Amino acid sequence: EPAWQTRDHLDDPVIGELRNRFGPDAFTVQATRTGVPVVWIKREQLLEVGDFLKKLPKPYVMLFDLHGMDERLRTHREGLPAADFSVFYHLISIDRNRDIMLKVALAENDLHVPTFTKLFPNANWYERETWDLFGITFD
Amino acid sequence: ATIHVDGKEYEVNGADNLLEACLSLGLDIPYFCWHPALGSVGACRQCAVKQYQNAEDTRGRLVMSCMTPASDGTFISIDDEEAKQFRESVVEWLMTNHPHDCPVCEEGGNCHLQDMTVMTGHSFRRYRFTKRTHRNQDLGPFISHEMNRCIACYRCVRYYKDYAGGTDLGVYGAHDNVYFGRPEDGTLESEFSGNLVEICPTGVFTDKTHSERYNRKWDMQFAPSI
Amino acid sequence: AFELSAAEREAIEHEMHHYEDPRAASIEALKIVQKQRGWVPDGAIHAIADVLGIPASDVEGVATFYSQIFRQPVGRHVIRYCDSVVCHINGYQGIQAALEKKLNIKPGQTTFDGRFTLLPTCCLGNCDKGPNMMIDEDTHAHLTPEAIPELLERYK
Amino acid sequence: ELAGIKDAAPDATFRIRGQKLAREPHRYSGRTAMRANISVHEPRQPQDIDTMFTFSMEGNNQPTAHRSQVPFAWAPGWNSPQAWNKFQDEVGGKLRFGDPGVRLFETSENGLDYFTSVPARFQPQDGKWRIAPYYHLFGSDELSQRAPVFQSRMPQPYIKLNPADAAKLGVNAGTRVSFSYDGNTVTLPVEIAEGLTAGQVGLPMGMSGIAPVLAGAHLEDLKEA
Amino acid sequence: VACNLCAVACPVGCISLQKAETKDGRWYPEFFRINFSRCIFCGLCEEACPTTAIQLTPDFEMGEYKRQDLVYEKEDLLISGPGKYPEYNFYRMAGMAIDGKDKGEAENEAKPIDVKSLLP
Amino acid sequence: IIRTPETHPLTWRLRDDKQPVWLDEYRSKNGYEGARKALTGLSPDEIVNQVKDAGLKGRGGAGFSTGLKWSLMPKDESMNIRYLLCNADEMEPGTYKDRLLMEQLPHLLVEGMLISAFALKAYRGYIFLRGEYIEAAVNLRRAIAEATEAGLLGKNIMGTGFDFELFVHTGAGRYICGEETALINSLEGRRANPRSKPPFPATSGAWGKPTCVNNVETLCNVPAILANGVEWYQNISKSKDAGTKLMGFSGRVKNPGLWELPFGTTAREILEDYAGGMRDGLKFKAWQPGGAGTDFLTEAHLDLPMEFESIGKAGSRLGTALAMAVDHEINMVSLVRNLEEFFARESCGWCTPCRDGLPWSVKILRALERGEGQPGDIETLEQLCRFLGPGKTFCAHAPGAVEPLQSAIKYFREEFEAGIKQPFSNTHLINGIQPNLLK
Ligand SMILES: NC(=O)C1=CN([C@@H]2O[C@H](COP(=O)(O)OP(=O)(O)OC[C@H]3O[C@@H](n4cnc5c(N)ncnc54)[C@H](O)[C@@H]3O)[C@@H](O)[C@H]2O)C=CC1
Ligand SMILES: Cc1cc2nc3c(=O)[nH]c(=O)nc-3n(C[C@H](O)[C@H](O)[C@H](O)COP(=O)(O)O)c2cc1C
Ligand code: SF4
Ligand code: SF4
Ligand code: SF4
Ligand code: SF4
Ligand code: SF4
Ligand code: FES
Ligand code: FES
């Protein structure tokens, strides 16, 4: 298998831990060529998922990235939740040498997510830049 | 009708052929000789897909999607390795004699043959022999003629004779010396001869009035007018 | 300035009587003009089109599709030697070399006096008696390179 | 009566997910050099307050965009006119979200009455010539003759004459005859028209000097000059 | 050959040209202008040229007093020789017939065969 | 060799001096008896069923059942216009059987056309004959005139009221005209491009009417079936293919000729007992069973019966059953180059793989002939053989084109590998640009 092959990364133990903690219907696994598991989480469970990843036996300790995407003109969204905008959170676990990309789907009118700064202080500037360039409000 | 393309089920119109049914679904099949307004003839042999007899079948058979009806319970594959190899081979056979003309050809950036050469993935030339050459004809003040760029897809003769009812454009010659044009130099007499520049997938027939002050398609400012 | 003779037009119309479509007499009309004139000139295409009621492009496409309808001038005699597989096994190449040596021309060309035009043709259906050639209407078999100069002198 | 022209196209506030419709492709080039010979400073992008299109590539031209007015067809991988297949709901059918244009009227519930004004048959009167209109695709429309590429395609200005009338007037094919319409004598070369009925002279409508209003008018003193 | 590939490959859009044609049929630029106040000297236009006409040369001394004089027209660009590619000729490969090179005289091209030819 | 009418239905009435048999001598030697029986005592459906259970297969080279092809003309009575076409093109290299059939026995073909047109209810019959057969055309026209003046053709044949008109259509020299849909297109006065099937010619053929195209030898087998019965024809040979076939070996043999043999006769008997074996100083190397469009076979396949199934199971085709012998003096690359040159120049130009891939194989074999082959040439030839097979081209001309190439590459690869001498070079050096050295 080549390194650029599209993988859903369902064999990642983080997917099994998330399924055991939150349930099989709590999130949607997306197959990408990013090399990391992309997991679409509901907005109301975002802080719970972040805390669960922070309190893992080999935890996800660094918020690598946090930004947004305008999904309104994206024609090919097969296997994706209905989203006008999306916010992605890239988290790196150094102990596992792994990373996970959480994604939160937002409608055009309800453009607000809970703030991530109580878990990761770099989310301050990351959410400020997301609000500046996309208009997404972080409560 | 119910068809299965690459393992995915689709509902189509059973009176349609597989090429127009799959193009209506957004699937990409290369094609040259077929036109929606002109019907299917099976000439260019570019639209080959692999059809299977039933749900469980591994051999299959390369069929012609423009010549195959999209009947109920059909099973075809576009991204099959043999089908992709044959479509690339058909593009390669068309490109054996094609002139090195894209910079000085008015169909550049608007060429169906360019699009399907790129889309099949053919970019390496192993043919090392000569390319056949044709003299050109004067077709009047509107259509510019360059027979070297022809792929013998028979769209021009089919449109101009069968569709538009014209009588002064035909196909001549033989095996690989087929010539598409008028029997002698002269103006194209049909009142709808200008549609040849869009019917022809190559730069054989080009807009001469556009060619006088030529610019590429990406450089145009377009509007929808009447 | 081409005009059809009375005999040519009558033969073409009599050929048109045999078919339910006048288009079906195009090959025989071209062959009639070729038999009367040696080859089919440019005006003959339009004359046959006007007699038959089909476009001139169809007549030109038919005349250029078929190898035995000549749209270019030929000599007074047409040598057609077979270069197919059984005559290649039987050695047509010596026959072709002898023809090129005597006539001093390549295949597809005409002699300087307009007497002979040399042409390769497909299999003549005489493979058991190969190598075969066909001068204007006579097919000659069991050809040898030494019999070519004697055979060519009987076609003045 | 013209109240249906409002639905021909949406107004200037029509947007596709908030953005206008692109007039030019996204790879439009030469933006900082095409006007540089006049001035090196790039001017303002032209504002289109009238319609929903923008004079720039900063717009929408997606095949799946909910619109009917498509300035041009382009899909990634389909640069030819075959991108219209991507712009249709089914290939060879209509556009995906309907075709542009709205009929101004529906068909009536009731028809008209029969027209009882049956004309008499054409009588060729002596000394007058009925002008039969001859139309040309290259030459009859007013704006098309101004196009300089059409002069190579427009036919020479002729006058069509029946063989019996031309023999009566002693004129062959190609000779010049002069006729006066509205007190204006012009000359044209004669073309013999076998299918034209006698007592009629055929004039090419919409050409230079021959108005299309002359169709059906009578012609006087048509005589070889 | 005024094929407009350099102008579209430019990420700054600082190339502007128009195609003209001679009587024999060869293509050439009617004008060719480059905004050097906009050019970032990235070399994508030289990379995109299918005839190796446009080239970037070892010359950096390009300072100017007025920005209007940084628009270089065709008389400021066309040099008297081939430059970095000394022997390439696109028209020796193209099938389009020009002066001094008829049909079938290009590289890897056979002579044209009439449909009226007697050979099968 | 004695030729009784029982075991030689086609060639027992051939004259010893190779002269044509005219109407009086033909009728003396049991002529038009089957035509009389068919046109007086049998229904057209009865004749069609008799041909169907007689096992008469197509002698053109495909082996399709003639009765089955006759059955699927439409049963509608409104389609009163019907056409029967005789495929006297015979442009395949190595095939000369139909020339012997119609040059000296034209009345057999006329009688078979009459019987088949009565069975098919065909109102007209055309003989699409190649233009190179001059004496065949003369003899056919003379036989048609003799049958018309004696009441065998025209209006009210034998008083039964069946009107049948027979014409001879001389071709203009193109190999693709033998394809039956291209034969119909050429009969209509068009370019002889074939037609996509379905619809088959039996439903909508010549001018949109029901049309049946059949070979000369099939319509020559018909009168013997109608004159001697189905039981006689099914008991000629104890093989799956019923009846007799014109077989024969050609090319550097002692007796190159053409004989009528029952099906199941092995190819060694035709080469040795009939053709006399190979010539002096020549050793047998290979053979083609059915003309230029069939796979080459080695000496190990010489002990194989000449049936469709047996040669088909060996990796070849029976074809026209006119085998051609290749000795050790013939270079296989040059022979395949000659074959491919014929096939490339007799392409009709309709479809891309044949039209634009047979010249590629021609150029590769020309390079291999003079030792200018390069690595990848034989692989290109094999890919051309795989991608010009059945279903990949518009008609069956290109599969027959690539059959000898793939069989010769399979059996004589050491001759093709001898032509690869030069290294591969598609590009020349361009000064100033470093090439991309692919490994
Ligand atoms: N000069 C000659 O005798 C030559 C003979 N051939 C032979 O031609 C053969 C290929 O001929 P094709 O017609 O292309 O192929 P084919 O085998 O598909 O057709 C042969 C006959 O069967 C009939 N047929 C087949 N399937 C039918 C169906 N479902 N319904 C009704 N009719 C049907 C066709 O109409 C035709 O008459 C080869 O086997 C080859 O040996 C090839 C070249 C030259
Ligand atoms: C390329 C090609 C050429 C053919 N040429 C001939 C031919 O010359 N004569 C012939 O009888 N059949 C020829 N055939 C076979 C016909 O298609 C058809 O099978 C035959 O003419 C009549 O069928 P039958 O065998 O039942 O009589 C050719 C087929 C192909 C594909
Ligand atoms: S017709 Fe197409 S492929 Fe051919 S030279 Fe023109 S742009 Fe290039
Ligand atoms: S000239 Fe154009 S439309 Fe006609 S066959 Fe050639 S490529 Fe097709
Ligand atoms: S080098 Fe300059 S002109 Fe050329 S592509 Fe780059 S920015 Fe444009
Ligand atoms: S400089 Fe090169 S890329 Fe630019 S238009 Fe001229 S030939 Fe084309
Ligand atoms: S294979 Fe294709 S191009 Fe070749 S003869 Fe048949 S239809 Fe014509
Ligand atoms: S598009 Fe189907 S063969 Fe040409
Ligand atoms: S191969 Fe020459 S006559 Fe048949």
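Protein chains in written order, with the deposited numbering: chain A, 12 to 150; chain B, 4 to 229; chain C, 11 to 166; chain D, 684 to 908; chain E, 61 to 180; chain F, 4 to 442. Where a beta carbon is used, it is the ideal one built from N, C-alpha and C, also for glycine.
Just mark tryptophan 136 (chain A) as buried or exposed, buried being the case when its beta carbon has 16 or more other beta carbons within 10 Å. Under this definition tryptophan 136 (chain A) is an exposed residue.
Cutting at 7 angstroms between CB atoms, please list the residues of its own chain near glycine 146 (chain A), excluding the five before and the five after it. Result list for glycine 146 (chain A): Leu122, in chain order.
Quick one: which residues of the region 68-101 of chain A get their C-beta closer than 7 angstroms to a C-beta of chain D? List them in chain order. Hits within the stretch, in order: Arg83, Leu84 and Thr86.
Please give the ranges of any alpha helix (DSSP H) in the region 84-164 of chain B, keeping only runs that are unbroken, at least 4 residues long and fully inside the region. With a minimum length of 4 residues, the continuous alpha helix (DSSP H) runs that stay inside the region 84-164 of chain B are 84-97 and 115-123.
Closest Cα partner of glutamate 167 (chain E) within the set E:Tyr148, E:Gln115, E:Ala67 and E:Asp119: Nearest C-alpha to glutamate 167 (chain E): E:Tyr148.
If we ignore side chains and look at the alpha-carbon of each, how far apart do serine 97 (chain E) and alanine 69 (chain E) end up? Rounded to whole angstroms, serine 97 (chain E) to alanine 69 (chain E) spans 18 angstroms at the Cα level.
Where in the region 90-169 of chain F do unbroken runs of the beta strand (DSSP E), each at least 3 residues long, occur, reported from the N-terminal end onward? For the region 90-169 of chain F, the continuous beta strand (DSSP E) assignments of 3+ residues that do not extend past its boundaries occur at 127-132, in sequence order.
Just the C-alpha distance for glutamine 140 (chain B) and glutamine 808 (chain D), rounded to the nearest angstrom, thanks. Looking at the two C-alpha atoms, the distance is approximately 50 angstroms.
Go to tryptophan 812 (chain D), then tell me how far its beta strand (DSSP E) extends in each direction, as first and last residue. Per DSSP, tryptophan 812 (chain D) belongs to the beta strand (DSSP E) from 811-817.
Establish whether the CB of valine 175 (chain E) and some CB of chain C are separated by less than 7 angstroms. Interface residue, yes.
Check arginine 416 (chain F) in the structure and name its three-state DSSP category. The answer is helix: DSSP assigns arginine 416 (chain F) an H, G or I state.
Quick one: complete alpha helix (DSSP H) runs, 4+ long, within the region 101-138 of chain E? Runs of the alpha helix (DSSP H) inside the region 101-138 of chain E: 104-108.
Inter-residue spacing [alpha-carbon to alpha-carbon] between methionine 122 (chain E) and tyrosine 132 (chain E): Roughly 11 angstroms separates the two Cα atoms.
Got a sec: is the Cβ-Cβ distance from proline 180 (chain E) to anything in chain C below 7 angstroms? For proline 180 (chain E), the answer is yes, since a Cβ of chain C falls inside 7 angstroms of its Cβ.
Tell me the rounded alpha-carbon separation between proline 32 (chain C) and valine 873 (chain D). Linking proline 32 (chain C) to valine 873 (chain D) through their CA atoms gives a straight-line distance of about 36 angstroms.
For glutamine 730 (chain D), which three-state DSSP category applies? In the structure shown, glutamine 730 (chain D) sits in coil (DSSP, three-state: anything other than H, G, I, E or B).
Could you name the residues of the region 732-748 of chain D whose beta carbon sits closer than 7 angstroms to any beta carbon of chain E, in the order they occur along the chain? Taking 7 angstroms as the Cβ-Cβ cut-off against chain E, none of the residues of the region 732-748 of chain D qualify.
Let me make sure I understand the geometry here. Which of B:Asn180, B:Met119, B:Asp75 and B:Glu23 has the alpha-carbon closest to that of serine 763 (chain D)? It is B:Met119.
Three-state secondary structure (DSSP) at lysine 114 (chain A)? Strand at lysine 114 (chain A).
So with Cβ pairs under 7 angstroms, would you call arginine 128 (chain B) a contact of chain E? Using beta-carbon distances, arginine 128 (chain B) does not count as an interface residue toward chain E, since no partner is under 7 angstroms.
Measure the C-alpha to C-alpha separation of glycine 279 (chain F) and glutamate 84 (chain B) and round it to an integer number of angstroms. If you take the alpha carbons of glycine 279 (chain F) and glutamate 84 (chain B), they lie about 50 angstroms apart.
Which residues in chain D sit within 9 angstroms of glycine 17 (chain B), going by Cβ to Cβ distance? Near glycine 17 (chain B) there are no residues of chain D at all, since even the closest Cβ is about 13 angstroms away, more than 9 angstroms.
Any 3 or more C-beta pairs closer than 8 angstroms across the region 81-94 of chain F and the region 166-184 of chain F: At 8 angstroms Cβ cutoff, the stretches touch.
Pick out the complete beta strand (DSSP E) segments inside the region 28-54 of chain C, 3 residues or longer, and give them in chain order. You should have found no qualifying run.
Cβ-heavy atom distance between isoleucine 179 (chain F) and ligand 7 below 6 angstroms? Short note on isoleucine 179 (chain F): C-beta closer than 6 angstroms to some heavy atom of ligand 7.
Chain-order list of residues whose beta-carbon lies under 8 angstroms from that of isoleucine 381 (chain F) (same chain, five-residue window excluded): Excluding sequence neighbours, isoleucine 381 (chain F) sits near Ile412, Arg416, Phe419, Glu420 and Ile423.
Quick one: does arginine 706 (chain D) have its CB under 7 angstroms from some CB of chain A? No, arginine 706 (chain D) does not count as interfacial toward chain A.
Taking 7 angstroms as the CB-CB cut-off, is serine 36 (chain C) touching chain E? Judged by the 7 angstroms Cβ criterion, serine 36 (chain C) is not in contact with chain E.
Beta-carbon proximity of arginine 48 (chain B) to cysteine 354 (chain F), cut-off 7 angstroms: Yes, they are a contact pair.
Quick check on the burial criterion: 16 or more other C-beta atoms within 10 angstroms. Buried or exposed for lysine 139 (chain C)? Counting Cβ neighbours within 10 Å, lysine 139 (chain C) comes out buried, since at least 16 surround it.
Just by C-beta distance, which residues in the region 135-150 of chain E are closer than 7 angstroms to chain F? Result list: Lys144, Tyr145, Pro146, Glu147 and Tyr148.
Proximity below 7 angstroms, CB of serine 319 (chain F) to CB of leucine 300 (chain F): Cβ distance < 7 angstroms, so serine 319 (chain F) and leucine 300 (chain F) count as in contact.
Within a Cβ cutoff of 8 angstroms, which residues of the same chain sit near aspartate 60 (chain B), ignoring the five residues on either side of it in sequence? For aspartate 60 (chain B), same chain residues with a beta-carbon under 8 angstroms away, outside a window of 5 residues either side, are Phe78 in chain order.
Taking Cβ-Cβ distances shorter than 8 angstroms, what residues in chain D pair up with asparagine 95 (chain E)? Within 8 angstroms Cβ-Cβ: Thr715, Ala716, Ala719 and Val723.
Taking a contact to mean a Cβ-Cβ separation below 7 angstroms, would you say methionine 76 (chain F) touches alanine 209 (chain F) in this structure? No, these two residues do not count as a Cβ contact at 7 angstroms.
Should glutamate 135 (chain F) go down as buried or exposed, given a rule of 16 or more other Cβ atoms within 10 Å for buried? By the neighbour-count definition (other C-beta atoms within 10 Å, threshold 16), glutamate 135 (chain F) is a buried residue.
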